[PDB]
$ cat target-v6.pdb   # PDB, C-alpha atoms
ATOM      1  CA  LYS A   1       0.000   0.000   0.000  1.00  0.00           C
ATOM      2  CA  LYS A   2       0.994   3.630  -0.451  1.00  0.00           C
ATOM      3  CA  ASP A   3      -0.159   7.185   0.130  1.00  0.00           C
ATOM      4  CA  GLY A   4       0.093   9.884  -2.517  1.00  0.00           C
ATOM      5  CA  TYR A   5      -1.431  11.945  -5.297  1.00  0.00           C
ATOM      6  CA  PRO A   6      -2.981   9.585  -7.888  1.00  0.00           C
ATOM      7  CA  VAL A   7      -2.191  10.565 -11.468  1.00  0.00           C
ATOM      8  CA  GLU A   8      -3.234   9.922 -15.050  1.00  0.00           C
ATOM      9  CA  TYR A   9      -0.787   9.786 -17.978  1.00  0.00           C
ATOM     10  CA  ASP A  10       1.591  11.321 -17.759  1.00  0.00           C
ATOM     11  CA  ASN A  11       2.267  12.421 -14.150  1.00  0.00           C
ATOM     12  CA  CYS A  12      -0.848  14.659 -14.144  1.00  0.00           C
ATOM     13  CA  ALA A  13      -2.628  14.712 -10.769  1.00  0.00           C
ATOM     14  CA  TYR A  14      -6.355  14.993 -10.128  1.00  0.00           C
ATOM     15  CA  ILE A  15      -7.437  18.519  -9.299  1.00  0.00           C
ATOM     16  CA  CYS A  16     -10.108  18.818  -6.624  1.00  0.00           C
ATOM     17  CA  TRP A  17     -13.647  19.801  -7.416  1.00  0.00           C
ATOM     18  CA  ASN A  18     -13.367  23.279  -5.845  1.00  0.00           C
ATOM     19  CA  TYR A  19     -11.825  22.490  -2.407  1.00  0.00           C
ATOM     20  CA  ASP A  20     -14.127  19.510  -1.813  1.00  0.00           C
ATOM     21  CA  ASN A  21     -12.694  16.791   0.484  1.00  0.00           C
ATOM     22  CA  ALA A  22     -15.656  14.483  -0.154  1.00  0.00           C
ATOM     23  CA  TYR A  23     -14.952  14.554  -3.891  1.00  0.00           C
ATOM     24  CA  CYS A  24     -11.371  13.416  -3.375  1.00  0.00           C
ATOM     25  CA  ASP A  25     -12.430  10.810  -0.817  1.00  0.00           C
ATOM     26  CA  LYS A  26     -14.790   9.223  -3.310  1.00  0.00           C
ATOM     27  CA  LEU A  27     -12.279   9.423  -6.157  1.00  0.00           C
ATOM     28  CA  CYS A  28      -9.621   7.774  -3.980  1.00  0.00           C
ATOM     29  CA  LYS A  29     -11.932   5.018  -2.762  1.00  0.00           C
ATOM     30  CA  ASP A  30     -12.986   4.274  -6.351  1.00  0.00           C
ATOM     31  CA  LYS A  31      -9.276   3.752  -7.031  1.00  0.00           C
ATOM     32  CA  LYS A  32      -9.311   1.197  -4.154  1.00  0.00           C
ATOM     33  CA  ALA A  33      -7.671   3.461  -1.553  1.00  0.00           C
ATOM     34  CA  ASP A  34      -8.692   3.642   2.109  1.00  0.00           C
ATOM     35  CA  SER A  35      -9.498   7.344   1.913  1.00  0.00           C
ATOM     36  CA  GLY A  36      -8.631  10.728   0.470  1.00  0.00           C
ATOM     37  CA  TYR A  37      -8.972  14.480   0.756  1.00  0.00           C
ATOM     38  CA  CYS A  38      -8.358  17.741  -1.074  1.00  0.00           C
ATOM     39  CA  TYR A  39      -4.959  19.179  -0.187  1.00  0.00           C
ATOM     40  CA  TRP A  40      -5.661  22.885  -0.383  1.00  0.00           C
ATOM     41  CA  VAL A  41      -2.047  23.954  -0.845  1.00  0.00           C
ATOM     42  CA  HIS A  42      -1.981  22.406  -4.320  1.00  0.00           C
ATOM     43  CA  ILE A  43      -5.733  21.884  -4.733  1.00  0.00           C
ATOM     44  CA  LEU A  44      -5.101  18.218  -5.555  1.00  0.00           C
ATOM     45  CA  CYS A  45      -6.691  14.963  -4.411  1.00  0.00           C
ATOM     46  CA  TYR A  46      -4.444  13.010  -2.034  1.00  0.00           C
ATOM     47  CA  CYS A  47      -5.122   9.343  -1.232  1.00  0.00           C
ATOM     48  CA  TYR A  48      -4.305   7.148   1.747  1.00  0.00           C
ATOM     49  CA  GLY A  49      -3.781   3.435   1.183  1.00  0.00           C
ATOM     50  CA  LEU A  50      -3.693   3.167  -2.604  1.00  0.00           C
ATOM     51  CA  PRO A  51      -2.700  -0.215  -4.079  1.00  0.00           C
ATOM     52  CA  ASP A  52       1.034  -0.425  -4.872  1.00  0.00           C
ATOM     53  CA  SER A  53       0.083  -0.734  -8.537  1.00  0.00           C
ATOM     54  CA  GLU A  54      -1.827   2.578  -8.734  1.00  0.00           C
ATOM     55  CA  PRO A  55       0.234   5.323 -10.347  1.00  0.00           C
ATOM     56  CA  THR A  56       1.069   8.267  -8.052  1.00  0.00           C
ATOM     57  CA  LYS A  57       2.802  11.593  -8.630  1.00  0.00           C
ATOM     58  CA  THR A  58       6.580  11.793  -8.625  1.00  0.00           C
ATOM     59  CA  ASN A  59       8.889  14.776  -8.925  1.00  0.00           C
ATOM     60  CA  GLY A  60       7.827  16.255 -12.251  1.00  0.00           C
ATOM     61  CA  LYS A  61       5.272  18.516 -13.903  1.00  0.00           C
ATOM     62  CA  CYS A  62       2.130  17.462 -15.765  1.00  0.00           C
ATOM     63  CA  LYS A  63       2.701  16.508 -19.416  1.00  0.00           C
TER      64      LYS A  63
END

$ encode --input "target-v6.pdb" --output "structure tokens"
Amino acid sequence: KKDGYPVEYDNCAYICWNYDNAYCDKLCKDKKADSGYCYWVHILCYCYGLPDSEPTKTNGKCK
């Protein structure tokens, strides 16, 4: 398991709906994580307990 910002190709994270924590929680759980929230500093969804196989953000900008 891992915690992090889930991404789509390539290295592009999921922006929150507004600043909605519930949105990110649902998104994260649909990706099989334990939970998630909207990190307001970046306005991105952050997940707790993603599967090891789910891609997460690394050092790098969105393609």

$ atom_distance --input "target-v6.pdb" --atom1 "CA of residue 35 (chain A)" --atom2 "CA of residue 50 (chain A)"
8.5 Å

$ atom_distance --input "target-v6.pdb" --atom1 "CA of residue 3 (chain A)" --atom2 "CA of residue 47 (chain A)"
5.6 Å

$ residues_around --input "target-v6.pdb" --residues "residue 39 (chain A)" --least-positions-apart "5" --cutoff "12 Å" --atoms "only C-alpha atoms" --output "PyMOL selection string"
chain A and resi 4-5+13-25+44-47

$ residues_around --input "target-v6.pdb" --residues "residue 48 (chain A)" --least-positions-apart "6" --cutoff "12 Å" --atoms "only C-alpha atoms" --output "list in words"
residues 1, 2, 3, 4, 5, 6, 24, 25, 26, 27, 28, 29, 31, 32, 33, 34, 35, 36, 37, 38, 54 and 56 of chain A

$ atom_distance --input "target-v6.pdb" --atom1 "CA of residue 9 (chain A)" --atom2 "CA of residue 63 (chain A)"
7.7 Å

$ resolve_selection --input "target-v6.pdb" --expression "the PyMOL selection byres ((chain A and resi 10) around 10)" --output "list in words"
residues 7, 8, 9, 11, 12, 13, 55, 57, 60, 61, 62 and 63 of chain A

$ build_atoms --input "target-v6.pdb" --residues "region 11-24 of chain A" --atoms "N, CA, C and O atoms" --output "short mmCIF file (atom, residue, chain, number, x, y, z; two decimals), keeping the file's coordinate frame"
data_model
loop_
_atom_site.label_atom_id
_atom_site.label_comp_id
_atom_site.auth_asym_id
_atom_site.auth_seq_id
_atom_site.Cartn_x
_atom_site.Cartn_y
_atom_site.Cartn_z
N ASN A 11 1.93 11.69 -15.38
CA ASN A 11 2.27 12.42 -14.15
C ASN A 11 1.37 13.65 -13.90
O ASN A 11 1.79 14.60 -13.25
N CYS A 12 0.14 13.60 -14.41
CA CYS A 12 -0.85 14.66 -14.14
C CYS A 12 -1.83 14.27 -13.03
O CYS A 12 -2.62 13.34 -13.18
N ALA A 13 -1.79 15.01 -11.93
CA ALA A 13 -2.63 14.71 -10.77
C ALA A 13 -4.08 15.15 -10.96
O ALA A 13 -4.42 15.85 -11.91
N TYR A 14 -4.94 14.68 -10.07
CA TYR A 14 -6.36 14.99 -10.13
C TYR A 14 -6.63 16.26 -9.34
O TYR A 14 -6.48 16.28 -8.12
N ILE A 15 -7.04 17.32 -10.03
CA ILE A 15 -7.44 18.52 -9.30
C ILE A 15 -8.72 18.24 -8.52
O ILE A 15 -9.54 17.43 -8.93
N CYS A 16 -8.87 18.90 -7.37
CA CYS A 16 -10.11 18.82 -6.62
C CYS A 16 -11.26 19.43 -7.42
O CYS A 16 -11.04 20.27 -8.29
N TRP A 17 -12.47 18.99 -7.13
CA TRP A 17 -13.65 19.80 -7.42
C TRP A 17 -13.66 20.90 -6.35
O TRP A 17 -13.78 20.59 -5.16
N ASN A 18 -13.51 22.16 -6.78
CA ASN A 18 -13.37 23.28 -5.84
C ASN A 18 -12.31 22.94 -4.78
O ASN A 18 -11.17 22.65 -5.15
N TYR A 19 -12.68 23.00 -3.50
CA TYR A 19 -11.82 22.49 -2.41
C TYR A 19 -12.47 21.30 -1.69
O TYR A 19 -12.23 21.08 -0.50
N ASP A 20 -13.27 20.53 -2.41
CA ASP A 20 -14.13 19.51 -1.81
C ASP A 20 -13.38 18.24 -1.37
O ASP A 20 -12.87 17.49 -2.20
N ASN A 21 -13.33 18.00 -0.06
CA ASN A 21 -12.69 16.79 0.48
C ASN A 21 -13.47 15.53 0.13
O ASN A 21 -12.88 14.48 -0.16
N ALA A 22 -14.80 15.62 0.15
CA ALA A 22 -15.66 14.48 -0.15
C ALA A 22 -15.40 13.97 -1.57
O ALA A 22 -15.31 12.75 -1.79
N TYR A 23 -15.28 14.90 -2.51
CA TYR A 23 -14.95 14.55 -3.89
C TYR A 23 -13.71 13.66 -3.98
O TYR A 23 -13.72 12.59 -4.61
N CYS A 24 -12.64 14.12 -3.33
CA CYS A 24 -11.37 13.42 -3.38
C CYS A 24 -11.45 12.08 -2.64
O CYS A 24 -10.79 11.11 -3.03
#
